[PDB]
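Visitor: one piece of my complex first, more on the way:
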Amino acid sequence: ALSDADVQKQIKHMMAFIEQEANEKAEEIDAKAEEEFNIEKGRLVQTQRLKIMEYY
Amino acid sequence: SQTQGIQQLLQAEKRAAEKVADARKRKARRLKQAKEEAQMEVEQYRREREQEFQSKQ
Amino acid sequence: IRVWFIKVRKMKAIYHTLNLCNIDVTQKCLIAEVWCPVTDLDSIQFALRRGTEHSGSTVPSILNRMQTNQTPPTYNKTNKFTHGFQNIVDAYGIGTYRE
């Protein structure tokens, strides 16, 4: 039907939304946690840096 | 129609939940992984400087 | 101010109609029941098409026509000429649908 096709294309809009927040929120949280863990990387390498400098 | 109104909600909420959970769990493992990696790298640096130590000895 | 007044009143009435709605738990999209004579639904859909046309999001604008156990309304518009007579009979009372 025409109403059925309108329902299906609204469902296409729904799924387009689903994938929209999917990719967008995914990369959002991913980048945030990646650079936060890069800061943590720097912190751990800093304590290791103290250890190496005292040893040598 | 009325069925979609709950299925799409289920999709959205479950996927947001698993993304958040994956972020948190990967962080939790990654801290110890980075400690291990830093120890590894530092031990290579120590071995290099120990080779240098014996050289200058 | 003479036209600022009517503009603000229009906006107030618009948000009043938005009060009459259902904040859809499904989506950020809204849903609401709309009652209107069935004879001229096509012009209504054309108004919907214009409304979605102004927005760039290419909105389908579903119309979920469906029967329900409600009370149909009856106001059958006659004309300017017999407004007094229909006013009189309506003043005495209002009858069922399609009577």
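Guide: That came in fine, so what should we check first? Numbering: from 1, shown residues only, chains lettered A, B, ... in the order given.

Visitor: Which parts of chain B are strands?
Guide: Ranges of strands in chain B, per DSSP state E: none exist.

Visitor: Chain A contacts on that one?
Guide: Taking CB under 8 Å from any CB of the partner chain as the contact definition, chain B meets chain A at B:1, B:4, B:8, B:11-12, B:15-16, B:19-20, B:23, B:26-27, B:30-31, B:34-35, B:38-39, B:41-42, B:45-46, B:49. Every residue, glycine included, has its C-beta placed from N, CA and C.

Visitor: Which entries within those meet the buried criterion?
Guide: B:8, B:12, B:15, B:19, B:23, B:30, B:34, B:38, B:42 (16 or more other CB atoms under 10 Å in any protein chain shown).

Visitor: and which of the residues you listed is nearest to chain C?
Guide: Closest to chain C out of these is residue B:8 (6.7 Å), distances taken as CB to the nearest CB.

Visitor: Would you check that that closest one makes contact with residue A:14?
Guide: Yes: taking CB atoms under 8 Å as the definition, residue B:8 is a contact partner of residue A:14 at 5.1 Å.

Visitor: what's the spacing between the strand or helix carrying residue A:21 and its chain's center?
Guide: Element membership for residue A:21, per DSSP states H and E: helix A:2-55. How far helix A:2-55 lies from its chain's middle: 0 Å, per CA atoms, centre = their mean, to the nearest Å.

Visitor: Can you show me the CA trace of stretch A:29-43 as CSV?
Guide: Below are the C-alpha coordinates for stretch A:29-43, written out as CSV (Å, rounded to 0.1, in the frame of the first residue of the first chain):
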residue,chain,number,x,y,z
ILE,A,29,33.4,7.9,23.3
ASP,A,30,36.2,6.1,21.4
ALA,A,31,38.3,9.3,20.8
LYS,A,32,37.6,10.6,24.3
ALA,A,33,38.8,7.3,25.9
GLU,A,34,41.7,7.0,23.5
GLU,A,35,43.2,10.3,24.4
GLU,A,36,42.4,9.8,28.1
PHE,A,37,44.3,6.5,27.9
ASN,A,38,47.1,8.3,26.1
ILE,A,39,47.3,10.6,29.2
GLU,A,40,47.4,7.5,31.3
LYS,A,41,50.2,6.1,29.0
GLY,A,42,52.2,9.3,29.7
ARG,A,43,51.7,8.9,33.4
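
Visitor: that older thread, which residues are in contact with both of residue B:8 and residue A:14?
Guide: residue C:27 (CB atoms under 8 Å, 6 or more residues apart in numbering or on different chains).

Visitor: For residue C:81, give its distance to chain B.
Guide: Per CB to the nearest CB, to the nearest Å, residue C:81 is found 45 Å from chain B.

Visitor: go ahead and place chain D:
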Amino acid sequence: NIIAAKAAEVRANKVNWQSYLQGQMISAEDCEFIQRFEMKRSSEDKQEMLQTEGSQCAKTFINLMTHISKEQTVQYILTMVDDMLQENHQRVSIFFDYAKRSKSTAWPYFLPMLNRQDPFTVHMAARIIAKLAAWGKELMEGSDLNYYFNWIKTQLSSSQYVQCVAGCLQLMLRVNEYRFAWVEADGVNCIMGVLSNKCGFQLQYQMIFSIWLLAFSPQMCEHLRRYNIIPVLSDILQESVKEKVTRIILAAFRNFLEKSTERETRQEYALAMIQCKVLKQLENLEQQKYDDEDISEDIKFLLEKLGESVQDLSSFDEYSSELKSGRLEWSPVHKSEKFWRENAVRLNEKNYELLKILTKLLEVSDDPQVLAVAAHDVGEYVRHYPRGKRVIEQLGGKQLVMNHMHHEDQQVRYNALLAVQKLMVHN
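Guide: Below is chain D, added to the chains above:
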């Protein structure tokens, strides 16, 4: 969007690889190996593609585009195999089909490709080239893929393909190194040029999200702060209410302005506040509550931080510096009520030199706007401190101000009249 639709109608269609098993035209050995690694539903077929080592799994299909002359069949085969490699949720995730000994041609493979964009060759290359975001590798030929006009020409210009390619470019920029490389590039200039121009909303979201990705390093922020696009972005924010670009725009403001490399770089707070009235827009956003707790905390920290920023744009000594510079412009200082009521006794600076600067500006200032600011400041100094009023009367500024009550510009009439209306207390 047509990319996925074409992939779907491909998936509906069929190519009889068994009839092409005599693959003189089509890579016969890989055609035989199609028996393996074809049902990707089960991970045991992922183990099957692991068995075939990659060199015996589509590495003969590498450079199949040139091996096939008919366009339709190669469209089909390319799209199937590249859809498989594009899915890659947990299929491979280790850039397995890269042929370590032929690794020199792994990235330069796109040189013979990046032609025939109508059969979506570049539109499969766009996600094939994802060996950077979630794989630990570095492209050598960053010039032949990014600077190259595979997408630069289409960046300024079909449109759905540009949006999908922009998403692939977001994926590319995931690596901070190549994001930095493109920060040095002028493709960012093209991006902001199309941002300034009205175009599709989806593309606007993708480009401003790429700009949001830029804000994740303090040195990239340092380099890019010298391009004043924040007022333009506030303009885009206030001319379009869709709640998604607004969210990522506010997050871009978050990271960009909170990287905080120095005080001079936190002057961008002042520049944003002065060059666009974001305060009231943010207040309106605050009024209408969202369930998005993330943007709630975003508006919280932004409003407080700009609050202490405007407190730092509310001071006596900066006003003295500005007035001593012969420079005056409507700012939070000129509406800083604490500087006006609490520090009016400070406006009695040594030898009344501040008042003397104002008094001599009452005749040498030929700029109506600076003169308006001076008139308003004098109006404040009279409404607060009546013996300072009598000081100004001794200075003779009232004769000059009378002229401003009738000095051409209608903004000059207004400010002179208001200052004198203050002047008439106890009179």
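
Visitor: ok, back up a step: determine whether any part of the helix holding residue A:21 lies close to chain C.
Guide: Yes: Helix A:2-55 is in contact with chain C by CB under 8 Å from any CB, via A:3, A:6, A:7, A:9, A:10, A:13, A:14, A:17.

Visitor: Just give me the closest of those to residue A:40.
Guide: Distance to residue A:40 across the residues of helix A:2-55 next to chain C (CB to CB) is lowest for residue A:17, with 33.8 Å.

Visitor: now that closest one, nearest residue through space, not along the chain?
Guide: Among residues not flanking residue A:17 along the chain, residue C:27 sits closest, at 7.6 Å (CB to CB, 6 or more residues apart in numbering or on different chains).

Visitor: do residue C:35 as well
Guide: Of all residues not flanking residue C:35 in the chain, residue C:73 sits nearest, at 6.4 Å (CB to CB, 6+ apart).

Visitor: Ramachandran coordinates for that neighbour?
Guide: Per-residue torsions, residue C:73: phi -100, psi 150 (degrees, to the nearest 10).

Visitor: One more: the one 3 residues further on?
Guide: Backbone geometry at residue C:76, expressed as degrees, to the nearest 10, gives phi -50, psi 110.

Visitor: And it, how far from residue C:90?
Guide: 11 Å (CB to CB, to the nearest Å).

Visitor: Tell me the residues of chain C that contact chain A?
Guide: So chain C meets chain A at C:27, C:59, C:60, C:61, C:62, C:63, C:64, C:65 (CB under 8 Å from any CB).

Visitor: Please list all residues in contact with the fifth one.
Guide: Just to be clear, that refers to residue C:62. A:3, A:6, A:7, A:10.

Visitor: Give me the most central residue, chain B.
Guide: residue B:30 (2.8 Å; CA atoms, centre = their mean).

Visitor: Return the residues in contact with the nearest residue to that residue once chain neighbours are set aside.
Guide: In space, residue B:30 comes closest to residue A:37 once its chain neighbours are excluded; the distance is 5.5 Å by CB to CB, 6+ apart. Going by CB under 8 Å, 6+ apart, residue A:37 touches B:27, B:30, B:31, B:34.

Visitor: Tell me the backbone dihedrals of residue C:22, please.
Guide: The phi/psi pair for residue C:22 (degrees, to the nearest 10) is phi -130, psi 110.

Visitor: ok, now residue D:215?
Guide: Per degrees, to the nearest 10, the backbone of residue D:215 is at phi -80, psi 10.

Visitor: Please look at it and residue D:250 and confirm they touch.
Guide: No: using CB under 8 Å, residue D:215 is not in contact with residue D:250; the gap is 11.7 Å.

Visitor: also put chain E on there:
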Amino acid sequence: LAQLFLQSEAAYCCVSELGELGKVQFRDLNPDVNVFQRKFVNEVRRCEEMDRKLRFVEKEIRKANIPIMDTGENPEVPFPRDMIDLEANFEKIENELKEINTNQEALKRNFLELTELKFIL
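Guide: To build on what is shown above, here is chain E added in:
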């Protein structure tokens, strides 16, 4: 009969268009919920403030004895979100008018005492 389903902004535009149409009517499906929980009360009280200031400026026009006409510009129906800023500008205009009135009566008081002083000498 018809569960009319519309996207949010498209629904606002459609409300404008359908009210222009003047044929349809609505039904509230959440009678036990006020504007307080609908999150729409904020713009409603904004509209109330704008209406109050409109009445304000109207009454100082009435005391000013200016013969308003109000004859044209009926179908304009604007809907940009910056109307809040436009009525902020209107608020500024009526604000400066308010301070002008208070200052003017203060000035009249001053001039009256001053006229007495002129008469004394």
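
Visitor: once more on the contacts of residue C:62, with chain E this time?
Guide: Contact partners of residue C:62, counting by CB under 8 Å, 6+ apart, are A:3, A:6, A:7, A:10, E:4, E:5, E:6.

Visitor: can you tell me the residue of chain C closest to chain A?
Guide: Here chain C gets closest to chain A at one residue, residue C:60, 4.7 Å apart by CB to the nearest CB.

Visitor: With chain D instead?
Guide: For chain D, CB to the nearest CB, closest residue to chain A: residue D:216, 5.2 Å.

Visitor: helix or strand for that residue, which one?
Guide: Assessed by DSSP H and E, residue D:216 sits outside every helix and strand.

Visitor: number of nearby residues for it?
Guide: 20 (other CB atoms under 10 Å in any protein chain shown).

Visitor: Just give the number of residues close to residue A:24.
Guide: 18.

Visitor: typed the wrong thing, it's residue D:419
Guide: By other CB under 10 Å, the residues close to residue D:419 number 25.

Visitor: Quick check: the residue of chain A nearest chain C.
Guide: At 4.7 Å from chain C, residue A:10 is the closest residue in chain A, using CB to the nearest CB.

Visitor: For the nearest residue to that residue once chain neighbours are set aside, give me its contacts.
Guide: In this structure, residue A:10 finds its nearest non-sequential neighbour in residue C:60, 4.7 Å apart by CB to CB, 6+ apart. Applying CB under 8 Å, 6+ apart, we find residue C:60 in contact with A:6, A:9, A:10, A:13, C:52.

Visitor: I'd guessed residue D:352 sits against residue D:394; true?
Guide: No: no contact is recorded between residue D:352 and residue D:394 when judged using CB under 8 Å, the distance being 9.7 Å.

Visitor: ok, now how distant is the residue in chain B positioned nearest to chain C from residue A:12?
Guide: Among all residues of chain B, residue B:5 sits closest to chain C, at 4.2 Å; criterion: CB to the nearest CB. Per CB to CB, residue B:5 is found 15 Å from residue A:12.

Visitor: Quick one: residues contacting the residue of chain D closest to chain A.
Guide: Residue D:216 touches A:31, A:35, D:176, D:179, D:255, counting by CB under 8 Å, 6+ apart.

Visitor: do residue D:401 as well
Guide: D:362, D:375, D:378, D:416, D:419, D:420, D:423 are the contacts of residue D:401 under CB under 8 Å, 6+ apart.

Visitor: in what helix or strand does it lie?
Guide: Residue D:401 belongs to helix D:397-405, assigned by DSSP H and E.

Visitor: and whichever helix or strand comes after that helix with chain E, contact?
Guide: For helix D:397-405, the succeeding helix or strand toward the C-terminus, using DSSP H and E, is helix D:410-423. Yes: for helix D:410-423 and chain E, the contact criterion (CB under 8 Å from any CB) is met by residue D:421.
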